[PDB]
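Notes to accompany the following structure.
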Amino acid sequence: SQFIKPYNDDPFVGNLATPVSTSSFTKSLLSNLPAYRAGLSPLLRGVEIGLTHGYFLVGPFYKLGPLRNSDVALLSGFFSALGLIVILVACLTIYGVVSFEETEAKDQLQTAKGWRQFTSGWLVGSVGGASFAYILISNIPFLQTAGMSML
Amino acid sequence: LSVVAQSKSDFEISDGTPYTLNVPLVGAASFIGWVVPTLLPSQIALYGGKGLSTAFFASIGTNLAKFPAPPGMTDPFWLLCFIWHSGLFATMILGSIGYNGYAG
Amino acid sequence: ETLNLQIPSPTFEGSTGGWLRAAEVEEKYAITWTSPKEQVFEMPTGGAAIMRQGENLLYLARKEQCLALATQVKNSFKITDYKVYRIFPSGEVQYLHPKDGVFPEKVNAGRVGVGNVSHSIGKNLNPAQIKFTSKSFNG
Amino acid sequence: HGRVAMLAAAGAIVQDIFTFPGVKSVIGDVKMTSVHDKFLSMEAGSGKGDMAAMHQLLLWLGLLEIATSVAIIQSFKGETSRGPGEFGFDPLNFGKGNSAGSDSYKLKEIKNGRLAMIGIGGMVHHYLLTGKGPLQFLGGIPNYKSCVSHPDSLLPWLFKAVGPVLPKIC
Amino acid sequence: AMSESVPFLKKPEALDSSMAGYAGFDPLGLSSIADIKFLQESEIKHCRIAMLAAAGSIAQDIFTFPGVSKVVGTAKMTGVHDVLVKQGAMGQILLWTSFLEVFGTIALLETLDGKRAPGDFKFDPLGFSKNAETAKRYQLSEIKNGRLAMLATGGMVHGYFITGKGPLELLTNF
Amino acid sequence: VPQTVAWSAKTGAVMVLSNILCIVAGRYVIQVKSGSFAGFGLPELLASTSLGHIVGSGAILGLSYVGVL
Amino acid sequence: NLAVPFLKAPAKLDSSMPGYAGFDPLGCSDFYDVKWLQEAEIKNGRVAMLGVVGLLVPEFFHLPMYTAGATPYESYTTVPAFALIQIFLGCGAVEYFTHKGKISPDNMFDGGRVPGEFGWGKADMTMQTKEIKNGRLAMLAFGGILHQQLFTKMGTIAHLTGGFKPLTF
Ligand code: CLA
Ligand code: CLA
Ligand SMILES: CC1=C(C#C/C(C)=C/C=C/C(C)=C/C=C/C=C(C)/C=C/C=C(\C)C#CC2=C(C)C[C@@H](O)CC2(C)C)C(C)(C)C[C@H](O)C1
Ligand SMILES: CC1=C(C#C/C(C)=C/C=C/C(C)=C/C=C/C=C(C)/C=C/C=C(\C)C#CC2=C(C)C[C@@H](O)CC2(C)C)C(C)(C)C[C@H](O)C1
Ligand SMILES: CC1=C(C#C/C(C)=C/C=C/C(C)=C/C=C/C=C(C)/C=C/C=C(C)/C=C/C2=C(C)CCCC2(C)C)C(C)(C)C[C@H](O)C1
Ligand SMILES: CC1=C(C#C/C(C)=C/C=C/C(C)=C/C=C\C=C(C)\C=C\C=C(C)\C=C\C2=C(C)CCCC2(C)C)C(C)(C)C[C@H](O)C1
Ligand SMILES: CC1=CCCC(C)(C)[C@H]1/C=C/C(C)=C/C=C/C(C)=C/C=C/C=C(C)/C=C/C=C(C)/C=C/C1=C(C)CCCC1(C)C
Ligand SMILES: CC1=CCCC(C)(C)[C@H]1/C=C/C(C)=C/C=C/C(C)=C/C=C/C=C(C)/C=C/C=C(C)/C=C/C1=C(C)CCCC1(C)C
């Protein structure tokens, strides 16, 4: 048995079919991620990705930022995470302007209208996920420490 | 258990090749095959008169009683578990090779 | 004359050295050749492949890759039956080499000389003489 | 939002009317959101104690909500024909063969749910300053004249702009 | 089609009506993650162990075997296990159950192969299932009783972890 | 220190057993060469008895270590 | 087959063989020659059958030259090891005579000889089955007696008639 084969039956394309690349488990994960999942509008793809990324962004800023030992650390962690999100949304916006020409179609990410929808969703989701992480950390003492409240 | 020793879901270790991972049989057999020799006792302070498997099981029990507190650096838990896991991984690897490849 | 797209490719197990997205959106090159044997050669992009007895066909990203393979087949397997094509994503296939059926190192009638300068290289014009002028430095 | 609010509205009123045997002894005289705070103080993880009322409610409600969550996902993607809110819970026949119910009844559910959302919000906010609860506040049409003391909510920062920017009559 | 247990949810595809104990209850869709035949055997094996455990807890409170009291004087349920591990009573049981499970592994392989029905070891010495109509009731009753026994076993041991007295003593004096 | 013993007939017994064990094993597992009367030569005998003195020395020392002697 | 009913019939054994119960759960019969397995079963059983009485006899009567050793099993330590070596060599030499140059599975059965038969007699299937089943019981019994004598440090007959203490180590 051989686990490595040419990519999509083509021996001369610059890729290989390896278990990491093209196993059934890998195919299931890639196909079900919001970027690639079927039946999702570009805006909804942006929302789901945004919620995930904004939620984890708050934590490193809060625990390791300059104001970490202060009593305003969570507020600083939220503002710095929000500041990063605002910069990232601008990165998405400028990419959309140069990369895609204007066309009628709006149902795909790699279209000017579609990329704009993805940016709108990602902005709202990142603000929403960062806000959710803020509420949870503000109220639950386990999250404020590293779980160190139990010891 | 992505696929068991049966033709359930159409699993493919790669693009077009289906391959039955024998996760029940290999995991069970590797676990038992490693554990029975590992029971061998030894009057060494790390084991404490038990075998490696029994001492590792005892170490989980003693550290689970102090559930939030982790085992310390000099605690025998870290040595017992690392050796037991290393042997288990090796017998799982060798078991997967033997069963999937030789098929008998 | 035109590329028969159905020619079987030489057996190959794949590599990462093959062509990328630029081949499917800008241009691709193809090479065909006849082999009297089912023999192993080296791919320009990686490891070893096996050319099948009869007609072979490859796809590469660069013209230099097709010609480096051509040089190899001629030097080792004495295969002078190689034809190199350019393929555009529109489907247009452009025959490239040998351009008029005869190798470039052999003279052929009906070839018109391009780039030939009537004097020797030391007789070119100084840059100052042709400054703010469209006149070419080759005399 | 409506269904929870409807329960919440009745629950606040009923808590004033009477309490189940033995509850008064443990909690004391706390009235609305304050009882949620007190119970949490006496439960593990949230606090130190031998109670688990809030945690038990969350565990059983959470198990129900995970199943409904799968339903929401399936309806959203169009896999299921189920209309919104139609979980099939009509043990006593009312819809006469369908748990979904008639348009007249569903209009009553939606409008009562909206009304309950506003009403429960009012009751919570009135407990925040008067500390009277629904029935007592209703009895005291002139209020701020008398305020029943209420322990501070778990979220107390929100009640900090009463004295400095607002008048702070209470 | 909709699940009979959860009306709002769609019917789990991996499950089928023929299977004993089927109510359509797989809200999380765990049957997709692993083979149904493996899960079916796993459920019955858990059921049989749980049924024995629940009966054992009730029986242990009602009576003890001759001379058991001398070795264990006050320990009631989980407590007797630690002293009898040193006495080797639990050690001997472990050995024989493990010995049966070795043949259990071969049976599990036969199930996955598809020749063997899940959970069937052909142990019917008294011919209870001979009629083939009593068999369907028995198969269902086993699955249902085992499910209740899993809930019961956990419920009883946790009651012991709080009030150390055992299930029957808890019922008599709370 | 692991406890070893002066040579006795028990030590000899272990050595003899191990040597014979390896002679039979070598008749079975030596891939390039009347169960013992086909193709049995001096390099095969000298190899199986060399492994016999290695297996036998290890067995003697280990049985001395644990108390079997 | 019939012994372990929730498993398949081995299909390498039949009731023609003396001790057939259909018992091959690990499928050993498929992996190795049945003739070798049958030969091994009868031979291991014969040695064990001799062993069980060999454990029982020293407790009552022992040879004058040798010392008792305090246990029928423990006696191997007390007796001269040259005696044990003579037994080891003698058994191997007898095996070379009984199997005429056949010490390997391919060489054995080349003559067409049945595994059990060494030419002492020809027997009925009822008789052959009796031999195998006594041998199987004896092998298990030998393991039990040897460990009992080892753990107790006392004779089998003495322990049965006397304290009957649980084997402990
Ligand atoms: C650690 C345990 C262990 C070891 C040492 C072996 C060793 C072996 N197995 Mg087994 N096997 C195991 C576990 C193990 N197996 C389990 C758990 C299963 C069941 C799932 C099987 C099922 C199985 C089958 C079905 C077959 C084998 C076969 C084999 C042999 C050759 C194929 C092979 O795996 O190459 C391994 C090669 C070697 C081990 C020798 C190379 C020497 C180097 C130093 C390897 C060392 C690796 C590692 C460091 C050792 C770890 C030991 C310990 C600390 C864990 C070899 C004797 C085949 C065979 O020959 O049949 C008899 C065969 O058909 N095995
Ligand atoms: C010079 C001695 C000698 C020789 C050449 C043989 C030859 C044979 N015997 Mg015999 N045997 C002998 C002595 C011998 N035996 C003695 C003293 C005993 C104890 C009573 C046995 C018990 C015995 C049984 C029970 C069986 C055989 C079998 C066999 C045959 C296949 C195995 C083999 O080649 O032997 C390899 C063995 C030896 C050369 C000597 C073995 C002596 C014992 C077993 C000591 C073993 C020590 C230890 C357990 C090994 C550990 C290995 C590892 C952990 C290091 C073959 C005809 C098998 C068969 O199928 O026969 C047809 C069979 O079933 N023999
Ligand atoms: C569905 C289903 C079933 C069921 C069921 C159940 C449990 C149904 C429960 C329904 C309930 C509880 C409905 C309650 C709605 C509350 C409203 C509209 C009031 C809002 C308050 C206002 C406007 C106010 C106010 C106020 C302000 C702010 C100031 C306060 O100081 C005081 C004051 C009060 C004056 C069953 C089992 C029957 C079966 C059936 O087959 C199907
Ligand atoms: C070959 C053949 C013939 C012959 C012959 C020969 C040499 C025949 C010899 C046959 C022999 C020696 C048979 C011995 C069988 C022993 C058994 C079944 C086990 C018993 C003990 C048990 C079950 C037990 C136990 C115990 C355990 C484990 C633990 C203890 O705490 C307690 C306890 C003691 C109860 C001749 C030559 C005559 C002619 C013929 O042409 C061919
Ligand atoms: C348990 C717990 C807590 C809690 C809690 C809870 C339950 C808090 C409740 C919060 C709620 C429900 C607040 C309601 C806000 C409604 C407003 C402002 C008006 C809406 C309607 C409008 C504007 C109508 C507009 C209009 C009208 C007039 C009609 C015309 C059209 C229209 C435009 C629609 C805490 C926080 C105390 C913590 C503590 O640890 C314990
Ligand atoms: C899904 C659904 C529902 C439900 C439900 C739920 C939530 C059911 C929950 C079931 C649970 C959580 C059972 C838990 C444990 C079982 C145990 C611990 C057995 C333990 C053996 C032990 C501990 C021995 C341990 C030990 C031994 C002796 C050796 C010493 C050490 C020691 C550790 C002490 C409803 C109610 C809505 C109904 C609805 O129709 C369907
Ligand atoms: C675990 C693990 C094990 C094995 C290996 C592994 C896989 C690599 C590893 C995984 C590791 C990893 C990488 C795990 C990563 C996990 C992550 C990043 C999880 C993110 C979760 C985001 C949430 C819950 C956002 C919620 C936002 C909400 C609810 C909206 C709230 C809001 C909206 C808009 C509505 C209004 C209110 C507000 C509050 C404003
Ligand atoms: C000292 C000495 C002298 C010279 C050197 C030497 C040769 C190396 C050494 C010899 C040492 C010797 C002679 C050592 C001999 C050791 C022996 C004979 C050990 C016997 C072990 C038998 C066991 C564990 C039975 C297990 C039964 C099981 C698992 C279950 C069976 C079951 C199945 C299959 C089916 C039905 C159910 C039941 C019945 C329950």
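Ordering of the structure tokens sets the chain letters (A, B, ...); residue numbers start at 1 within each chain; ligands are numbered from 1 in the order shown.
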Collect all residues with atoms no farther than 10 Å from ligand 5, counting only C-alpha atoms and all ligand atoms, and output them as a PDB file with N, CA, C and O atoms, in the first residue's frame.
ATOM      1  N   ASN A 139     -16.432  38.497  34.901  1.00  0.00           N
ATOM      2  CA  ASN A 139     -17.309  37.988  35.949  1.00  0.00           C
ATOM      3  C   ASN A 139     -16.799  36.734  36.643  1.00  0.00           C
ATOM      4  O   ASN A 139     -17.177  36.490  37.787  1.00  0.00           O
TER       5      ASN A 139
ATOM      6  N   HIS D   1     -36.943  34.530  23.916  1.00  0.00           N
ATOM      7  CA  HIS D   1     -36.878  35.667  24.825  1.00  0.00           C
ATOM      8  C   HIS D   1     -38.218  35.868  25.496  1.00  0.00           C
ATOM      9  O   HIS D   1     -38.285  36.182  26.687  1.00  0.00           O
ATOM     10  N   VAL D   4     -39.010  32.809  28.278  1.00  0.00           N
ATOM     11  CA  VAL D   4     -38.271  32.975  29.519  1.00  0.00           C
ATOM     12  C   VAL D   4     -38.856  34.137  30.295  1.00  0.00           C
ATOM     13  O   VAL D   4     -39.203  33.996  31.477  1.00  0.00           O
ATOM     14  N   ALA D   5     -39.143  35.237  29.586  1.00  0.00           N
ATOM     15  CA  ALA D   5     -39.654  36.435  30.231  1.00  0.00           C
ATOM     16  C   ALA D   5     -40.990  36.155  30.879  1.00  0.00           C
ATOM     17  O   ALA D   5     -41.233  36.588  32.012  1.00  0.00           O
ATOM     18  N   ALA D   8     -40.406  34.454  33.992  1.00  0.00           N
ATOM     19  CA  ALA D   8     -39.736  35.365  34.904  1.00  0.00           C
ATOM     20  C   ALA D   8     -40.737  36.311  35.522  1.00  0.00           C
ATOM     21  O   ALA D   8     -40.760  36.459  36.753  1.00  0.00           O
ATOM     22  N   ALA D   9     -41.680  36.808  34.709  1.00  0.00           N
ATOM     23  CA  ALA D   9     -42.636  37.772  35.229  1.00  0.00           C
ATOM     24  C   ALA D   9     -43.465  37.136  36.322  1.00  0.00           C
ATOM     25  O   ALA D   9     -43.407  37.569  37.482  1.00  0.00           O
ATOM     26  N   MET D  32     -35.513  39.545  44.856  1.00  0.00           N
ATOM     27  CA  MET D  32     -35.589  39.144  43.452  1.00  0.00           C
ATOM     28  C   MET D  32     -34.256  38.638  42.932  1.00  0.00           C
ATOM     29  O   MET D  32     -33.902  37.476  43.158  1.00  0.00           O
ATOM     30  N   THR D  33     -33.478  39.475  42.246  1.00  0.00           N
ATOM     31  CA  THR D  33     -32.157  39.087  41.767  1.00  0.00           C
ATOM     32  C   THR D  33     -31.213  38.815  42.924  1.00  0.00           C
ATOM     33  O   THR D  33     -30.214  38.090  42.778  1.00  0.00           O
ATOM     34  N   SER D  34     -31.535  39.402  44.076  1.00  0.00           N
ATOM     35  CA  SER D  34     -30.774  39.212  45.294  1.00  0.00           C
ATOM     36  C   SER D  34     -30.774  37.756  45.732  1.00  0.00           C
ATOM     37  O   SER D  34     -29.779  37.277  46.279  1.00  0.00           O
ATOM     38  N   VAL D  35     -31.896  37.048  45.555  1.00  0.00           N
ATOM     39  CA  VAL D  35     -31.920  35.623  45.885  1.00  0.00           C
ATOM     40  C   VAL D  35     -30.978  34.831  44.976  1.00  0.00           C
ATOM     41  O   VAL D  35     -30.346  33.867  45.422  1.00  0.00           O
ATOM     42  N   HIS D  36     -30.879  35.208  43.689  1.00  0.00           N
ATOM     43  CA  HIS D  36     -29.925  34.560  42.788  1.00  0.00           C
ATOM     44  C   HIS D  36     -28.505  34.762  43.299  1.00  0.00           C
ATOM     45  O   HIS D  36     -27.721  33.803  43.384  1.00  0.00           O
ATOM     46  N   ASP D  37     -28.192  35.989  43.737  1.00  0.00           N
ATOM     47  CA  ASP D  37     -26.867  36.273  44.290  1.00  0.00           C
ATOM     48  C   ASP D  37     -26.598  35.486  45.573  1.00  0.00           C
ATOM     49  O   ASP D  37     -25.503  34.934  45.754  1.00  0.00           O
ATOM     50  N   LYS D  38     -27.582  35.431  46.477  1.00  0.00           N
ATOM     51  CA  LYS D  38     -27.407  34.750  47.758  1.00  0.00           C
ATOM     52  C   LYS D  38     -27.181  33.257  47.555  1.00  0.00           C
ATOM     53  O   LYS D  38     -26.264  32.657  48.158  1.00  0.00           O
ATOM     54  N   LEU D  40     -25.991  31.829  44.926  1.00  0.00           N
ATOM     55  CA  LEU D  40     -24.675  31.648  44.330  1.00  0.00           C
ATOM     56  C   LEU D  40     -23.572  31.746  45.376  1.00  0.00           C
ATOM     57  O   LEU D  40     -22.557  31.045  45.280  1.00  0.00           O
ATOM     58  N   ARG D 114     -43.782  39.445  24.223  1.00  0.00           N
ATOM     59  CA  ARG D 114     -43.241  40.802  24.098  1.00  0.00           C
ATOM     60  C   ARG D 114     -43.603  41.645  25.320  1.00  0.00           C
ATOM     61  O   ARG D 114     -42.748  42.348  25.899  1.00  0.00           O
ATOM     62  N   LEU D 115     -44.863  41.542  25.751  1.00  0.00           N
ATOM     63  CA  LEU D 115     -45.327  42.294  26.908  1.00  0.00           C
ATOM     64  C   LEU D 115     -44.578  41.870  28.160  1.00  0.00           C
ATOM     65  O   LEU D 115     -44.222  42.708  28.995  1.00  0.00           O
ATOM     66  N   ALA D 116     -44.350  40.565  28.307  1.00  0.00           N
ATOM     67  CA  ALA D 116     -43.609  40.045  29.444  1.00  0.00           C
ATOM     68  C   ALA D 116     -42.178  40.549  29.439  1.00  0.00           C
ATOM     69  O   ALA D 116     -41.612  40.795  30.504  1.00  0.00           O
ATOM     70  N   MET D 117     -41.560  40.664  28.257  1.00  0.00           N
ATOM     71  CA  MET D 117     -40.185  41.153  28.200  1.00  0.00           C
ATOM     72  C   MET D 117     -40.098  42.562  28.772  1.00  0.00           C
ATOM     73  O   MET D 117     -39.273  42.846  29.657  1.00  0.00           O
ATOM     74  N   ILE D 118     -41.037  43.420  28.366  1.00  0.00           N
ATOM     75  CA  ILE D 118     -41.057  44.780  28.908  1.00  0.00           C
ATOM     76  C   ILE D 118     -41.368  44.774  30.405  1.00  0.00           C
ATOM     77  O   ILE D 118     -40.705  45.467  31.194  1.00  0.00           O
ATOM     78  N   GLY D 119     -42.360  43.982  30.820  1.00  0.00           N
ATOM     79  CA  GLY D 119     -42.765  43.982  32.216  1.00  0.00           C
ATOM     80  C   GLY D 119     -41.677  43.499  33.154  1.00  0.00           C
ATOM     81  O   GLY D 119     -41.417  44.121  34.186  1.00  0.00           O
ATOM     82  N   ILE D 120     -41.026  42.378  32.813  1.00  0.00           N
ATOM     83  CA  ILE D 120     -39.973  41.841  33.669  1.00  0.00           C
ATOM     84  C   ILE D 120     -38.801  42.811  33.728  1.00  0.00           C
ATOM     85  O   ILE D 120     -38.150  42.945  34.774  1.00  0.00           O
ATOM     86  N   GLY D 121     -38.501  43.499  32.611  1.00  0.00           N
ATOM     87  CA  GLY D 121     -37.435  44.486  32.654  1.00  0.00           C
ATOM     88  C   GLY D 121     -37.756  45.603  33.619  1.00  0.00           C
ATOM     89  O   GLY D 121     -36.900  46.035  34.402  1.00  0.00           O
ATOM     90  N   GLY D 122     -39.010  46.054  33.600  1.00  0.00           N
ATOM     91  CA  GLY D 122     -39.447  47.055  34.554  1.00  0.00           C
ATOM     92  C   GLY D 122     -39.311  46.584  35.987  1.00  0.00           C
ATOM     93  O   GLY D 122     -38.834  47.324  36.840  1.00  0.00           O
ATOM     94  N   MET D 123     -39.752  45.350  36.270  1.00  0.00           N
ATOM     95  CA  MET D 123     -39.703  44.829  37.637  1.00  0.00           C
ATOM     96  C   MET D 123     -38.274  44.749  38.160  1.00  0.00           C
ATOM     97  O   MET D 123     -38.006  45.114  39.312  1.00  0.00           O
ATOM     98  N   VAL D 124     -37.350  44.250  37.332  1.00  0.00           N
ATOM     99  CA  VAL D 124     -35.947  44.156  37.734  1.00  0.00           C
ATOM    100  C   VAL D 124     -35.395  45.543  38.025  1.00  0.00           C
ATOM    101  O   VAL D 124     -34.746  45.782  39.057  1.00  0.00           O
ATOM    102  N   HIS D 125     -35.670  46.493  37.124  1.00  0.00           N
ATOM    103  CA  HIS D 125     -35.159  47.846  37.302  1.00  0.00           C
ATOM    104  C   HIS D 125     -35.761  48.516  38.532  1.00  0.00           C
ATOM    105  O   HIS D 125     -35.086  49.304  39.201  1.00  0.00           O
ATOM    106  N   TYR D 127     -36.756  46.932  41.282  1.00  0.00           N
ATOM    107  CA  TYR D 127     -36.058  46.356  42.434  1.00  0.00           C
ATOM    108  C   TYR D 127     -34.672  46.963  42.615  1.00  0.00           C
ATOM    109  O   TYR D 127     -34.144  46.985  43.732  1.00  0.00           O
ATOM    110  N   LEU D 128     -34.055  47.427  41.528  1.00  0.00           N
ATOM    111  CA  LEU D 128     -32.706  47.978  41.631  1.00  0.00           C
ATOM    112  C   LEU D 128     -32.649  49.232  42.500  1.00  0.00           C
ATOM    113  O   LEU D 128     -31.658  49.455  43.197  1.00  0.00           O
ATOM    114  N   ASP D 152     -26.587  44.729  47.220  1.00  0.00           N
ATOM    115  CA  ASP D 152     -26.068  45.110  45.911  1.00  0.00           C
ATOM    116  C   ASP D 152     -25.955  43.915  44.974  1.00  0.00           C
ATOM    117  O   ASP D 152     -25.632  42.799  45.381  1.00  0.00           O
ATOM    118  N   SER D 153     -26.209  44.177  43.698  1.00  0.00           N
ATOM    119  CA  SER D 153     -26.161  43.156  42.664  1.00  0.00           C
ATOM    120  C   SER D 153     -24.721  42.760  42.359  1.00  0.00           C
ATOM    121  O   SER D 153     -23.770  43.493  42.649  1.00  0.00           O
ATOM    122  N   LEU D 154     -24.574  41.559  41.783  1.00  0.00           N
ATOM    123  CA  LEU D 154     -23.264  41.039  41.397  1.00  0.00           C
ATOM    124  C   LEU D 154     -22.563  41.958  40.411  1.00  0.00           C
ATOM    125  O   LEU D 154     -21.329  41.955  40.343  1.00  0.00           O
ATOM    126  N   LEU D 155     -23.331  42.627  39.548  1.00  0.00           N
ATOM    127  CA  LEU D 155     -22.847  43.671  38.657  1.00  0.00           C
ATOM    128  C   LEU D 155     -23.103  45.029  39.314  1.00  0.00           C
ATOM    129  O   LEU D 155     -24.142  45.646  39.049  1.00  0.00           O
ATOM    130  N   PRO D 156     -22.197  45.545  40.166  1.00  0.00           N
ATOM    131  CA  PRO D 156     -22.498  46.794  40.878  1.00  0.00           C
ATOM    132  C   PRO D 156     -21.959  48.067  40.244  1.00  0.00           C
ATOM    133  O   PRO D 156     -22.337  49.163  40.665  1.00  0.00           O
ATOM    134  N   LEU D 158     -22.563  49.155  37.295  1.00  0.00           N
ATOM    135  CA  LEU D 158     -23.652  49.782  36.555  1.00  0.00           C
ATOM    136  C   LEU D 158     -24.455  50.729  37.447  1.00  0.00           C
ATOM    137  O   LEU D 158     -24.930  51.773  36.986  1.00  0.00           O
TER     138      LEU D 158
END
Exercise. Could the residues of chain B within 12 Å of chain E, counting only C-alpha atoms, be given as a list in words, please?
Key: residues 1, 2, 3, 4, 5, 6, 7, 8, 9, 10, 11, 20, 22, 23, 24, 25, 26, 27, 28, 29, 32, 33 and 36 of chain B
Exercise. Could you give me the residues within 10 Å of ligand 3, counting only C-alpha atoms and all ligand atoms, as a ChimeraX atom specification?
Key: /D:2-13,88-96,98-101,108-127,130-141
Practice problem: Return as a PyMOL selection string every polymer residue, whether protein, DNA or RNA, with at least one atom no more than 6 Å from an atom of ligand 2; count only C-alpha atoms and all ligand atoms. | Solution: (chain F and resi 20-21+24) or (chain G and resi 39-40+43-44+47+88-89+91-92+95+103)
What would the file look like if the residues just selected were written as a JSON list (two decimals), in the first residue's frame with N, CA and C atoms?
[["chain", "number", "residue", "atom", "x", "y", "z"],
["F", 20, "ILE", "N", 22.80, -26.37, 24.31],
["F", 20, "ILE", "CA", 21.96, -27.28, 23.53],
["F", 20, "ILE", "C", 20.77, -26.53, 22.93],
["F", 21, "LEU", "N", 20.14, -25.66, 23.73],
["F", 21, "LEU", "CA", 19.04, -24.82, 23.26],
["F", 21, "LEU", "C", 19.44, -24.04, 22.02],
["F", 24, "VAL", "N", 19.94, -26.31, 18.83],
["F", 24, "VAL", "CA", 18.67, -26.60, 18.17],
["F", 24, "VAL", "C", 18.09, -25.36, 17.50],
["G", 39, "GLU", "N", 1.12, -33.64, 17.93],
["G", 39, "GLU", "CA", 2.30, -34.27, 18.52],
["G", 39, "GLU", "C", 2.71, -33.56, 19.79],
["G", 40, "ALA", "N", 2.73, -32.22, 19.76],
["G", 40, "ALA", "CA", 3.13, -31.45, 20.93],
["G", 40, "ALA", "C", 2.15, -31.65, 22.07],
["G", 43, "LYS", "N", 2.75, -35.11, 23.62],
["G", 43, "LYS", "CA", 4.04, -35.20, 24.29],
["G", 43, "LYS", "C", 4.08, -34.36, 25.57],
["G", 44, "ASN", "N", 3.58, -33.12, 25.52],
["G", 44, "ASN", "CA", 3.56, -32.26, 26.71],
["G", 44, "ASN", "C", 2.69, -32.91, 27.78],
["G", 47, "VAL", "N", 4.64, -35.93, 29.46],
["G", 47, "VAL", "CA", 5.64, -35.46, 30.41],
["G", 47, "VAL", "C", 4.96, -34.94, 31.67],
["G", 88, "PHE", "N", 18.65, -34.87, 31.26],
["G", 88, "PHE", "CA", 18.45, -33.99, 30.10],
["G", 88, "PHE", "C", 19.00, -34.63, 28.83],
["G", 89, "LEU", "N", 20.23, -35.13, 28.92],
["G", 89, "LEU", "CA", 20.88, -35.79, 27.79],
["G", 89, "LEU", "C", 20.17, -37.09, 27.43],
["G", 91, "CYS", "N", 16.99, -37.89, 27.87],
["G", 91, "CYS", "CA", 15.73, -37.61, 27.20],
["G", 91, "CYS", "C", 15.99, -37.22, 25.75],
["G", 92, "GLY", "N", 16.99, -36.37, 25.50],
["G", 92, "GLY", "CA", 17.29, -36.00, 24.13],
["G", 92, "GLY", "C", 17.73, -37.17, 23.26],
["G", 95, "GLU", "N", 14.76, -39.20, 22.45],
["G", 95, "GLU", "CA", 14.02, -38.53, 21.39],
["G", 95, "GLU", "C", 14.65, -38.77, 20.02],
["G", 103, "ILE", "N", 14.00, -34.11, 14.10],
["G", 103, "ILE", "CA", 13.86, -33.15, 15.20],
["G", 103, "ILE", "C", 13.16, -31.88, 14.77]]
Quiz prompt | Residue hits in chain G, query chain F, radius 9 Å, only C-alpha atoms, as number ranges by chain | solution = G: 77, 80-82, 84-85, 88, 100-104, 107
Rows by chain and residue number, chain E within 9 Å of chain G, shortest pair, only C-alpha atoms, as CSV:
residue,atom,partner,partner_atom,distance
E:103,CA,G:25,CA,7.4
E:106,CA,G:7,CA,7.7
E:107,CA,G:7,CA,6.7
E:110,CA,G:7,CA,7.6
E:116,CA,G:6,CA,7.8
E:120,CA,G:6,CA,7.2
E:121,CA,G:6,CA,5.0
E:122,CA,G:6,CA,5.9
E:123,CA,G:5,CA,8.7
Quiz item: Counting only C-alpha atoms, which residues of chain C come no farther than 7 Å from chain A, as a PyMOL selection string?
Solution: chain C and resi 12-20+59
Given only C-alpha atoms and all ligand atoms, how would the per-residue table for chain B near ligand 6 read, listing every residue at most 12 Å away with its closest atom pair and distance in Å to one decimal, sorted by chain and number, as a Markdown table?
| residue | atom | partner | partner_atom_place_in_ligand_line | distance |
| --- | --- | --- | --- | --- |
| B:57 | CA | ligand 6 | 31 (C) | 11.8 |
| B:58 | CA | ligand 6 | 31 (C) | 11.1 |
| B:60 | CA | ligand 6 | 31 (C) | 11.7 |
| B:61 | CA | ligand 6 | 31 (C) | 8.5 |
| B:62 | CA | ligand 6 | 31 (C) | 11.1 |
| B:64 | CA | ligand 6 | 33 (C) | 10.3 |
| B:65 | CA | ligand 6 | 33 (C) | 10.2 |
Self-check item: Contact residues around segment 64-72 of chain E with only C-alpha atoms at 10 Å, ignoring same-chain residues under 6 positions, as an NGL selection string
Solution: :E and (79-81 or 83-84 or 87)
Self-check item: Straight-line distance linking atom CA of residue 53 of chain E with atom CA of residue 54 of chain B, stated in Å to one decimal
Solution: 24.1 Å
Practice problem: Do a neighbour search on residue 31 of chain C at 7 Å with only C-alpha atoms, toss out local chain neighbours closer than 6 positions, and write the hits as a PyMOL selection string. | Solution: chain C and resi 57-59+66+82-85
